[PDB]
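What follows is one structure encoded as structure tokens, with my remarks underneath.
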Amino acid sequence: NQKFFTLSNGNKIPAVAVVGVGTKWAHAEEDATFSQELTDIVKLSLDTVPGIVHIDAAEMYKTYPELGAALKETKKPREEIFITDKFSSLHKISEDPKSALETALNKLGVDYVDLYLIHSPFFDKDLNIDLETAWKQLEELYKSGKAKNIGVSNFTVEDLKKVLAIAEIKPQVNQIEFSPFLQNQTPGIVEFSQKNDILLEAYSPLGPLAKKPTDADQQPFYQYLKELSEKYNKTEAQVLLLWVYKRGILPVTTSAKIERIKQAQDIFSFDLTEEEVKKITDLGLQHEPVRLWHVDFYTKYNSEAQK
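Per the deposited numbering: the sequence shown = residues 3 to 32, 34 to 310.
Spelled out as structure tokens, the structure:
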């Protein structure tokens, strides 16, 4: 049965996000073009995936049209969809969060998003707004009900503290890259976030499987994962996704295939033991970090990432 995290404002959020619209089939020599393949898999997810379906979208993904189409054509009630959207701070598309969300709501055909994030602390030079002002804009979007929850993405402890210094509403979420091969995107972020009651989301939790070293079959991380997979009769991805949940973090995943999306939603059909969670953690920490996002900014933190 579906699990939820409870945010610091009392609101519930589905404890896995199974549908993303950031990734599409993409040609090498690619086109800001419409992915019919993407709108199809989203629609199919909304129609067939049981429970509240948590979707991860972003201004910078430029896929509001695809998601909008799916949202229109599905018969899934609005209340059984949890939509996360993100203001594109790294790459300027709108002037500010309020103008971005208006555009997004209009393209999406919805009245509100369930969670609104600042996508990055590395504000584009062309923005005429800084982090503090952008946060105060999220606070007002929250006030207006256009975002039911608000938070940030890819923030360091230092970035968080800048928000907390001026915040009337504490960020409910910090969406970071997290996996067994990147257990601290930036130094101490996991411990700091969880100590201050900011729910972590984990982007690319399946990083170990996305980027699988050539000698993986002699690697104990991968050997243990296969063992747990066989024990529970679950996919390796499911085991990793559940692990993230057992670390108290919300795994945010996406797939090209509806079977994989349903499997992601169904991770709460089994349970890892404390012993198993700790072994995944420990075998993970022994591995060299794998970082797939914010690579140019945060490569410099690779040395603290498994620390």
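In this text, a Cβ means the ideal position worked out from N, Cα and C, and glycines have one as well.
Contact check between the segment 54-65 and the segment 10-18: three or more CB pairs, one atom from each, fall below 8 angstroms, which counts as touching. Excluding five sequence positions before and after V20, the CB atoms of its chain that fall closer than 6 angstroms to its own CB belong to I264, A267 and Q268, given in chain order. Taking 8 angstroms as the upper bound for CB-CB distance, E62 and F85 are not in contact here, some 18 angstroms apart. The alpha-carbon of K281 is positioned some 13 angstroms away from that of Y248.
Straight-line measurement puts the Cα of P223 at about 28 angstroms from the Cα of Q178.
DSSP links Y206 through a beta bridge to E180 and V255.
Spatial neighbours of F184 in its own chain (CB-CB distance under 7 angstroms, excluding positions within 5 residues in sequence) are listed in chain order as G210, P211, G287, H290, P292 and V293. For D269, the secondary structure class from DSSP, reduced to helix, strand or coil, is coil.
Nearest to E40 by C-alpha distance, out of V23, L9 and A30, is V23. Between the alpha carbons of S156 and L275 lies a gap of roughly 28 angstroms.
By the neighbour-count criterion, in which 16 or more other beta carbons inside 10 Å mark a residue as buried, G191 falls on the exposed side. Going by DSSP, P16 is part of the beta strand (DSSP E) stretching over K14 to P16. Burial is judged here by how many other beta carbons sit within 10 angstroms of a residue's own beta carbon; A213 has fewer than 16 and is exposed.
In the structure shown, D88 adopts extended strand secondary structure according to DSSP, grouped into three states. Contact between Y235 and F273 holds, with the beta-carbon distance rounding to 5 angstroms and staying under 8 angstroms. A straight line joining the alpha-carbon of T77 with that of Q197 spans about 36 angstroms. CA-to-CA, the gap between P174 and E204 works out to about 12 angstroms.
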